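Enquirer: this one is an experimental structure. Sequence first:
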Amino acid sequence: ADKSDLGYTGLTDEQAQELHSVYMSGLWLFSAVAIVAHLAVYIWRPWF
Amino acid sequence: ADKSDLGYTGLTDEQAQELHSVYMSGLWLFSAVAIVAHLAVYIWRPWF
Amino acid sequence: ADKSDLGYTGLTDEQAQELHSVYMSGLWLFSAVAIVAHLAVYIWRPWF
Amino acid sequence: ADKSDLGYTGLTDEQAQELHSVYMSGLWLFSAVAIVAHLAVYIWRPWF
Amino acid sequence: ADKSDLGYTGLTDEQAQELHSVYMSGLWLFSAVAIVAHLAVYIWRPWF
Amino acid sequence: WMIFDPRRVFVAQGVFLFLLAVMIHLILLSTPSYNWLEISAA
Amino acid sequence: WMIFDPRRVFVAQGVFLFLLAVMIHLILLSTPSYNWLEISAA
Amino acid sequence: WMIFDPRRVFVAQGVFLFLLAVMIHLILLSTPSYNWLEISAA
Amino acid sequence: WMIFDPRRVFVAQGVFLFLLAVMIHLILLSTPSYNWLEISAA
Amino acid sequence: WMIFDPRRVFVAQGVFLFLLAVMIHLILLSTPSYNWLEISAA
Amino acid sequence: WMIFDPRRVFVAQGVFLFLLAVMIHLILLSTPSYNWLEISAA
Amino acid sequence: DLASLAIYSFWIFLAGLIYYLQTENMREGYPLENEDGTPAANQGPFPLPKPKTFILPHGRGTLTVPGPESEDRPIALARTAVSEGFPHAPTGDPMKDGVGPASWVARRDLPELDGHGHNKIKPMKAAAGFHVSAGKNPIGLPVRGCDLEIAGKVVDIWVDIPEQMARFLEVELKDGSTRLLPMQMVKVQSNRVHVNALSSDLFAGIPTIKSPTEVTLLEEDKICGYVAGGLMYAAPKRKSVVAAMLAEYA
Amino acid sequence: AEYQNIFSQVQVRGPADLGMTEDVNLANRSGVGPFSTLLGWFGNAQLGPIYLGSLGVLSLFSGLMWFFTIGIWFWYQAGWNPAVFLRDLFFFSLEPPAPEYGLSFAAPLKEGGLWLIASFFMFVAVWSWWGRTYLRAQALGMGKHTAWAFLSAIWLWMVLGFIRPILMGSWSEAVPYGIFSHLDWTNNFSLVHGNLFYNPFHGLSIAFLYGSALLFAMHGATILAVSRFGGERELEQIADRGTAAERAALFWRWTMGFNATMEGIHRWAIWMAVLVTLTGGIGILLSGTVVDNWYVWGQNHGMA
Amino acid sequence: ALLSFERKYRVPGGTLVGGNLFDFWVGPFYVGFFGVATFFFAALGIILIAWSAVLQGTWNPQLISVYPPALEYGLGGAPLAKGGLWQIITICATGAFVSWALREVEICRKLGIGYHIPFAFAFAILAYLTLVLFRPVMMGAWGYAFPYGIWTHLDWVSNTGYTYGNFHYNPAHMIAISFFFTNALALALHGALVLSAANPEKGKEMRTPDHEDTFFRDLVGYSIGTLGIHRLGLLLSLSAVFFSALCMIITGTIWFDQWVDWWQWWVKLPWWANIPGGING
Amino acid sequence: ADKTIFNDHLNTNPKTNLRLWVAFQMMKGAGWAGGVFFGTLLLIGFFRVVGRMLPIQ
Ligand code: BCL
Ligand code: BCL
Ligand code: BCL
Ligand SMILES: CC[C@H]1c2cc3[nH]c4c(c3C)C(=O)[C@H](C(=O)OC)c4c3nc(cc4[nH]c(cc(n2)[C@@H]1C)c(C(C)=O)c4C)[C@@H](C)[C@@H]3CCC(=O)OC/C=C(\C)CCC[C@H](C)CCC[C@H](C)CCCC(C)C
Ligand SMILES: CC[C@H]1c2cc3[nH]c4c(c3C)C(=O)[C@H](C(=O)OC)c4c3nc(cc4[nH]c(cc(n2)[C@@H]1C)c(C(C)=O)c4C)[C@@H](C)[C@@H]3CCC(=O)OC/C=C(\C)CCC[C@H](C)CCC[C@H](C)CCCC(C)C
Ligand SMILES: [Fe+2]
C-alpha cells in the first residue's frame, strides 16, 4: 500500500516536525557544541 | 504497533521511560566511572 | 504500485521538491563556502 | 514495459536531451580553465 | 549387543535416554572392575 | 521526504562521526613526538 | 523508539566501551618505555 | 535421532574402552616413576 | 546503450581526472629542477 | 542387531587378534631384553 | 556483427590516444639526450 | 636479451586485459536497468559489447547474448520508499505473486535436449533404468515437512544417464496431482524424510507439471526456486519455528 | 545382485552409454571398463571408453621408458636388494653429464648416465599427449582451449631442461631426476641467483598461483550452492540464463563488487592458469643470461 | 544499483536482530548489518600500514613495517611499533574478515542458495590464524610471527625460512603443496571446458552435456561429472591451507629444529638398521 | 493448539509442553556432541587446571 505524489513517507505535515527537529537541530547538538568544545582544542597543541 | 509523530516511536512517553534509566543513567554512570579512573591514571605515570 | 518507462524515477515533483532539495547540500557548502574556508588558507602558508 | 531496438535511446529527439548538458558544456569550461588556468602557468615556471 | 529391544533406533523421545545411557550403565560393570584397581593405585606409585 | 526519520537518522549520526572522528584519532596518535603523554619520551 | 533499547544498548554499547578500552590497552600496556609492570627485574 | 547406533555406537562400546586403556599405557610402559612392570630385571 | 549519463560525473568521473591528476602531479614535483613548493624558503 | 553377524564374529574375529598379536611381536624383536629364540649358541 | 564500434571509438580509440601518448614520452625522457623542456635550471 | 625489457610489454598488453575480460564477464544481466524498466543511470568502467556468435546447441534458431533483459516476465511490488536503494515489498502474500525469495522467469516450452533423441530428465517408470530384484528395497518412502509434519510419499525416482545422478523426488499427493522438488536441499536421517524448507501445508502452491515426462526449461525455475521462497520468509516470529531456523549444524 | 536406492541423494546407475560418434574412433574403444560403483551416490561411477592407437601408445611407452630410466638408478646404489630400495625410494639420485661435459652425449653409463634417455623418452611422452589434448579436442568438433593452457604449461618445461641448459652449454642446468633429487634444485636455484624474491617474474609467477585458490576456493562452493536451482548443467545457463544464474550474478556484485556470466567465470579461471607458468616461464627465462643475481637485479630496477 | 533482472530480488531482512536497521544498498556493493562495520574496519586499517611509517622510517609500501611483538615480553603486549601497533591491526583486520563472511550470510538467508560460500573464505581464516592465535600464543609470546608488509615478510619467508633446514623435507607441507599444484591442474582444463561449447571452430553448433564423456574420457579416462569438477576444484584450493597449518601447527612448537632431521626415521628399522645400502653407503 | 496464526500455543496445562521442546527440535545438539565437547577438552581444559595446587612451592 502506497500513496500518490509528494512525497511519502512522509508525511504532511512533517516537513517541519520530522525533517527539522532531528535534522537541523543535529546541526546544533554537534555544530554549536563544537563552538565551545573547540575553544580548548585549537591551542592544544599546535602551539607547543 | 507504531503511531505517527516524532519520535513515535518514540514512543512518547516511551522516549522518557527507556531513554532515561540506561541512556542517561547508563552514560552518566559511564561518566561517573570513567572520569574518576583518570584521577589515578593522568599522572601515574605518563610523567616519567 | 508498479511504474512504467522513461523517466520514472525521476521525476516530479519528487525530483523537484526532494532531489532538488537534498543535492544542493553538497554543491554550495562545499563549493562557495569552501572559498571562505580558503580564506584562512590562500596565504597560510603558500607564500614564504 | 521498457524499450525497443538499437538504440532507443536513441533517438531523435531524445539524444540531445540527456547527452548535451554535463557532457557538452560540462566539458567546455573544464577545457576553458584548461587554457585559462594554464596560460598563467605557461610562463611559470618553465623559465629560470 | 547394544542397549535394549526392537527396534532401536529409535526412539522418541531419545537422546535424554541414549547418550545418557551409554556412559553409566555400560560403565556400571566396567567401573565395577575399575574402581578396585584405582584404590590400589592411590599409593603405588605416585609418591616415590 | 523518503529516507528514514524513525530509523536512519539516529543511526546515521552514531556510527558516522565515530567513523570520522575516533578513527581519525589514530592519526593524531600516529605522532609519538606530539601525543598527549608521549611528550615525556621525546 | 528513536533508537532500539533491548537491542542497541544492552550489549551493543557493551561492545562500544569495550571496542575503545582494549584497542588502547595494547598502546598503554605496550609502549617501549612505560610498562611499570614488566620492567621490574631487568 | 541424528546420532547413529547401528553403526556409530557399536564403536562407542566395543573398542572405546580398549583404546582409552592401552593407548595411555604406551607412555608409561617405560617411565621413571611408576614402573611396576620394569622394576624387575635381576 | 554502452554509455549512459547521470552516474559517472558524480563519483566516477570525479575520480577519473583526480586519478589523472596524481599520475601527472607525482612526477613533476620531485625532479631536481622544479619543485615550487619546498624550494621557496632556502 | 546393530551389527552384522557374519562379518564380525566368524572371520573378522580373526583380524581383532591377528593384528593385535603380531604387532605385539614386532616391537620386542629389536629389543635384546627378551628375544627368547635369537640366542641358541650356548 | 561479432564486434563493436560505438564502443571502440567513443571509449576505446579515444583511450588509444592516451595509452600510446605517454608511454614513449617517458622512454625518451629516461634516455638522457632530449629532455627538451627543462629550460629552467639552466 | 636484456634486464628491463619484457616487463614493459606486460604492464601495457597484460594491462590491456582486465579491460578485455571484465566485459566478457559483464554480459548477461547488462545492459543495466533500474527498478521498473528503463535505461539506467550508467553501465560501468567496463562498457558492454554488442553480442557475438552463439550457435545454438540443438538447432533452436537464433539467440544472441547478452540477451533478454527487459520486462517480459510479470513483476509486482508495493513500494515503501521511492528513492533507489531501499528494498521493495510484496503486495499480498510473498508466496503468492513470486516476489523476493522464490525466483523465476518465463522461458520457451522445450525440454532440455542432450544427445540420443530424448529429453535430459526422465523418471524410472518411463526410462526403465534400474529395477528391483533381490533383497529389501527402499522405493516408496514417507516424508516430513518443515512444520515437522507428514506431507506425502515419494515412490519413484527421476533417473539420469550421462551424469548418473537422480534429480527430483516426485511427491504425489493423495489427489494424484504430483508436486516437484529439487535435490541438493534434502536430508534423510533414518526411516522417514525430514524437510526444513517448506511446511506440510504449503506444497500445492508449487503448481504441477502438465506432462509427467517432459522437463521443459520454462518450468525448471520455480520448482527448484520456491524452496528459497520459504528460506527467506518462513517463519516470523515467535515459537516453534525459531527452534527450527536458528542453531543447527548441517 | 541388485542395486540399492539409498535415502535420497540420489542416484540411478548408467548402463551401456559410451558417448558421441563423429570424428573419433570406437572400434579401438574395445571394452567399457568394469563399473566400480564405489557407492557412487556423490559423484559418478563410469569407466571407458577411450582413444587407442599410436598417438597414445607413445606417451605411455615413452612415459614408461622415461619412467624406467630414472628408477634403475635407484636400484643402482641400493646393493641389489629390495629392502634398501624402498628405504631410499627417494634418497637415491640421478643426473646428466658433468658441468664439464654437458652437451656431450659421450658420457658413459657409469657417471652422467641416465638423464639423456629419460628426457629422450619424456620428449615423446608429453609432445604426443599435448597432441591429444589438442587433437581429441577436435574428435567431435570442439575448440582447443584445453591445449592453450597446456602450451603455456610445457613452457616452464621449455626452460628447465630445454632452452636454458642447451644454449647455456650445460646439462647440470637441467633438473635432476626423481623424488628427492630435484628438491636440492628447488633450493639450489635460490641460494644462487640471490633469492628469487626481488625477481618479480618468478615472484609474480607466484602471483598467478596464490590466485588459483582465490578463484577455485569459491567456484566449488558457489556452483555447489546454486545447484539447488539448476546451474550445475553448465551448458544450459550461458545463453539460456538459468535460475542459478540469478542466484549468483548479484552475490559477488553485492559482496566484493563485480559479477560474471555463465560464459564469464571460465575466462578468469583460465586467465589465472595460462599465466601461472608463463610469467614464470619468463621468470626462468630471464634468470640466466641477463643478470645472474636478483639481489643485484633488485637494486637497479625496482627502486629506479 | 542493480542489474536488469534485479527488480525482484530487492527484499529486506536477512540480518540477525533489530530489523532492517542496517541493510541499505550502496551502489553495486552490499552494505548490510556487517556493512558499516566493514566500512568501520576498512577506514581504520589502511592507516595501520601508514602508522608504522613516521616511526620506522618508511612511508612507502615497499618497506612499511609493523613488526610482531618481541619474542620475550610475555602475556601482555610489547613496545609501540614493534608489537603494539601490531596488536592494533590484530582485531581491525580480523574484525573485518568476519564482518564479511557472516555478511555473506546476510545474502544467503536473504534468498536461499546453499550455505557453502561463507565457508571457503573460512579456510582463509584457518591458515592466517595459524599465525596469530596458534603458534605465537604458546611457546612464549606474539614474537613468533611476521611483519605485515608486502616485502618485509618476503625476506622473512626467505632468510628466516631455512630455520627448519630444508622445508621440502616436511611431510605435512609437501602434501600442503600436493594440494597446491593440483590446485591449478583441474582449472587449466575446467576453464577451457565451457568456452569450446558455444565457440567451437566457427559456425558450429553449441555442445551439450554428452560431449563431456567423449572428451575427458577421450582424455585422461576419468569423468566424475559436470558438477564433479566443482567438487574437485574445491578439493584443490581450500586444502592448501590446513595441511599447511599442519606444518605450522607441528613446526616450531614441537620440532623447532631441522625438518630435514625428519627423514632419518625411515632408515631406523630393525630390517635395515645395522645394514646401510644405497646413497647412504 | 491453534490460533490459526502461527503453529504453537499460549498456556494451558495438558496438550502442550508435555512432549514438545525436549523431543524433536534441537535433538542433534547432543548427538553432535560427545566427540566435540569431549574430544577437544582432554588436553586443553585439563591443561590449565592442574596448575593450581602442585605449582605452589
Ligand atoms: C621449477 C622448479 C622444479 C620443481 C619445483 C617443485 C616444488 C616446490 C614441488 C615440486 C613438486 C613436484 N614436482 Mg616439480 N618442479 C619442477 C617442475 C616439474 C615438472 C615439469 C617441469 O613439468 C614436473 C612433471 C614436476 C613433478 C613434480 C611432482 C612429482 C611433485 C608434485 C607436483 C604436484 O603438485 O602434482 C600433484 C598431482 C599430480 C597429478 C602429479 C602426480 C605426482 C604425484 C601424485 C605426487 C608425487 C608425490 C611423491 C613424490 C610420490 C611418493 C609415492 C611413494 C611411493 C610413497 N615438477 C621444476 C623442475 N616441484 C612437489 C613435491 O611434493 O615434490 C616431491 C613440490 O613441492
Ligand atoms: C627461497 C625460496 C623462494 C622460491 C624458490 C623457487 C625456485 C628454485 C623455483 C621456484 C619456482 C616457483 N615458485 Mg617459488 N620461491 C619462493 C616463493 C614461493 C611461494 C610462496 C612461499 O608464496 C610459492 C607458493 C612458490 C612456488 C613457485 C611457483 C609459482 C613457481 C614454479 C611454478 C610451477 O612449479 O609450475 C610448473 C608446472 C608445469 C611446468 C606444468 C607441467 C608441464 C609438463 C611438461 C607436463 C608433465 C605432466 C606429467 C605427465 C604428469 C604425470 C601425471 C601422472 C599420470 C600421474 N614459490 C621463495 C621466494 N621457487 C620455480 C619456477 O619455475 O620459478 C618461476 C622454481 O624453479
Ligand atoms: C624452504 C622453502 C620452503 C617453503 C617456504 C614456506 C614458508 C615460510 C611458508 C610456506 C607456506 C606454504 N607453502 Mg611453501 N615452501 C617451499 C616451496 C613451496 C612451493 C613450490 C612450488 O616450491 C609451493 C607451491 C609452496 C606452497 C606452500 C603452501 C603449502 C603453504 C601456504 C598455504 C597458503 O598460502 O594458504 C594460507 C592462506 C592465507 C594465510 C591467507 C589468509 C586469507 C586472508 C584472510 C585474506 C587476506 C585478505 C587481504 C589482507 C586483503 C587483500 C585484498 C584486497 C583488499 C583486494 N611452497 C619450500 C619447500 N612455504 C606457508 C605455510 O605453510 O603457513 C600456513 C609459509 O609460512
Ligand atoms: C584456502 C583459502 C584460500 C582463499 C579463499 C577465499 N579468499 C576469499 C574468499 C574465499 C572464498 C572470498 O569469498 C573473498 C573474496 O572476496 O573473493 C576473492 C576472499 C578474499 N581473499 C582476499 C585476499 C587473499 N586471499 C588469499 C588466500 C586464500 N583465499 C586461500 C588460498 C590471499 C593470499 C595470497 O594469501 C590473499 C591476499 C581478499 C581479496 C578477499 C577478502 C575480502 C574481505 O574479507 O575484506 C575484508 C577486509 C577489509 C574490510 C579491510 C580491513 C582490514 C584492515 C583495514 C587492514 C588489514 C591489515 C592487513 C595486514 C592487510 C595486509 C594485506 C597484505 C599486505 C598481506
Ligand atoms: C596452468 C598451470 C597449471 C597446469 C596446467 C595443465 N596441466 C595439464 C594440462 C594443463 C592444460 C593438460 O592439458 C594435461 C592434462 O591432460 O590434465 C589432466 C596436464 C597434466 N598435468 C599433470 C600434472 C601436473 N600439473 C601440474 C601443474 C599445473 N599444470 C598448473 C597448476 C604439474 C606441476 C606443478 O609441475 C604437474 C606435474 C598431469 C595430470 C597431466 C599431464 C598428462 C600427461 O602428459 O601424461 C601423459 C601420460 C603418461 C606419461 C602415461 C605414462 C604413465 C607413467 C609415466 C608410466 C607408469 C604407469 C604405467 C601404468 C605402468 C603400469 C603398466 C601398465 C601397462 C599395466
Ligand atoms: Fe567450474
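Expert: All right, it came through fine. Numbers count the residues shown, from 1 in each chain, chains lettered A, B, ... in the order given. Ligands and ions are numbered 1, 2, ... in the order given.

Enquirer: would you agree residue N:44 is in contact with residue F:24?
Expert: No - shown here, residue N:44 and residue F:24 do not form a contact pair, counting by CB atoms under 8 Å, at 9.7 Å. Placement of C-beta: from N, CA and C, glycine included.

Enquirer: and the residue of the stretch 201-304 of chain M closest to chain B?
Expert: Nearest residue of the stretch 201-304 of chain M to chain B (CB to the nearest CB) works out as residue M:254 at 29.3 Å.

Enquirer: pretty sure that residue is touching residue N:24, no?
Expert: No - with contact defined as CB under 8 Å, residue M:254 does not count as touching residue N:24 (11.8 Å).

Enquirer: what residue is smack in the middle of chain F?
Expert: Among the residues of chain F, residue F:21 comes closest to the average C-alpha position under CA atoms, centre = their mean, at 1.7 Å.

Enquirer: can you tell me the SS state at it?
Expert: Applying DSSP: H, G, I helix; E, B strand; the rest coil to residue F:21 yields a three-state assignment of coil.

Enquirer: roughly how far does residue F:31 sit from residue N:221?
Expert: In this structure, residue F:31 and residue N:221 are 66 Å apart, going by CB to CB, to the nearest Å.

Enquirer: more crowded one of the two?
Expert: For the pair residue F:31 and residue N:221, the greater number of neighbours falls to residue F:31 (15 against 12), based on other CB atoms under 10 Å in any protein chain shown.

Enquirer: so for stretch M:17-31, first residue to last residue, what's the gap.
Expert: Its start and end residues considered, stretch M:17-31 measures 12 Å (CA to CA, to the nearest Å).

Enquirer: burial count for whatever residue of chain F ends up closest to ligand 3?
Expert: Using CB to the nearest ligand atom, the closest approach of chain F to ligand 3 is made by residue F:23 at 17.6 Å. Look at residue F:23: counted by other CB under 10 Å, it has 17 neighbours.

Enquirer: and what of the one 4 residues further on?
Expert: Here the count is done by other CB under 10 Å, and residue F:27 has 12 residues near it.

Enquirer: wait, it touches residue N:44, no?
Expert: No - with contacts counted by CB under 8 Å, residue F:27 stays clear of residue N:44, the gap being 10.4 Å.

Enquirer: what residues does chain F have near chain A?
Expert: Applying CB under 8 Å from any CB of the partner chain, one finds that chain F approaches chain A through F:1, F:2, F:5, F:6, F:9, F:10, F:13, F:17, F:34, F:36.

Enquirer: state the distance from the second one to residue L:77.
Expert: Taking CB to CB as the measure, residue F:2 and residue L:77 are separated by 16 Å.

Enquirer: who has more neighbours, these two?
Expert: For residue F:2 versus residue L:77, neighbours defined as other CB under 10 Å are more numerous around residue L:77 (22 against 18).

Enquirer: for the more buried one, which non-adjacent residue is spatially closest?
Expert: Nearest non-adjacent residue to residue L:77, counting by CB to CB, 6 or more residues apart in numbering or on different chains: residue L:88, 4.0 Å away.

Enquirer: show me the contacts for that neighbour.
Expert: Residue L:88 is in contact with L:35, L:77, L:78, L:79, L:80, L:99, N:10, N:11, counting by CB atoms under 8 Å, 6 or more residues apart in numbering or on different chains.

Enquirer: hmm, which of those are the buried ones?
Expert: The neighbour-count test (16 or more other CB atoms under 10 Å in any protein chain shown) marks L:35, L:77, L:79, L:99, N:10, N:11 as buried among these.

Enquirer: on that earlier part again, more neighbours: residue M:254 and residue N:24, which one.
Expert: More crowded of residue M:254 and residue N:24, by other CB under 10 Å: residue M:254, with 25 against 18.

Enquirer: list the contacts for the more buried one?
Expert: The contact partners of residue M:254, taken as CB under 8 Å, 6+ apart, are N:25, N:28, N:29, N:30, N:107.

Enquirer: so what's the backbone phi/psi at it?
Expert: Note on residue M:254: backbone dihedrals following degrees, to the nearest 10 are phi -70, psi -40.

Enquirer: and residue N:174, how far is that from residue K:26?
Expert: Distance, residue N:174 to residue K:26, using CB to CB: 46 Å.

Enquirer: hmm, I typed the wrong one, I wanted residue M:1.
Expert: Using CB to CB, residue M:1 is found at 76 Å from residue K:26.

Enquirer: between the two, who's got more neighbours?
Expert: Comparing residue M:1 with residue K:26 by neighbour count (other CB under 10 Å), the higher total belongs to residue K:26, at 10 against 6.

Enquirer: how close does that one sit to chain F?
Expert: Going from residue K:26 to chain F by CB to the nearest CB, to the nearest Å gives 34 Å.

Enquirer: residue F:36 should be in a helix, yeah?
Expert: No - looking at residue F:36 with three-state DSSP, it is coil, so not inside a helix.

Enquirer: can you name the residue of chain A nearest chain E?
Expert: Distances between chain A and chain E by CB to the nearest CB are smallest at residue A:1, namely 46.3 Å.

Enquirer: thought that residue was touching residue L:78?
Expert: Yes - in this structure residue A:1 lies within contact range of residue L:78 using CB under 8 Å: 6.2 Å.

Enquirer: spit out the contact partners of residue N:163.
Expert: When contacts are counted by CB under 8 Å, 6+ apart, residue N:163 is found next to residue N:256.

Enquirer: that one: which element?
Expert: Taking DSSP states H and E as the definition, one finds residue N:163 inside no helix or strand.

Enquirer: try the one 10 residues further on
Expert: Secondary structure assigned from DSSP H and E places residue N:173 in helix N:171-174.

Enquirer: could you see whether chain L lies near whichever helix or strand comes after that helix?
Expert: Proceeding N to C from helix N:171-174, the next assigned helix or strand is helix N:190-193, under DSSP H and E. No - looking at helix N:190-193 against chain L by CB under 8 Å from any CB, there are no contacts, and the closest approach is 12.3 Å.

Enquirer: that older thread, and the residue of chain A closest to chain E, how many neighbours?
Expert: Burial measure for residue A:1: 8 neighbouring residues, criterion other CB under 10 Å.

Enquirer: list the contacts for the residue of chain F closest to ligand 3?
Expert: Taking CB under 8 Å, 6+ apart as the contact definition, residue F:23 lies against N:40, N:43, N:44, N:47.

Enquirer: out of everything not next to it in sequence, what's closest to the residue of chain O found nearest chain I?
Expert: Of the residues in chain O, the one nearest chain I is residue O:6, at a distance of 44.4 Å by CB to the nearest CB. Nearest non-adjacent residue to residue O:6, counting by CB to CB, 6+ apart: residue L:239, 5.4 Å away.

Enquirer: hang on, isn't that neighbour packed against residue O:10?
Expert: No - using CB under 8 Å, residue L:239 is not in contact with residue O:10, being 10.0 Å away.
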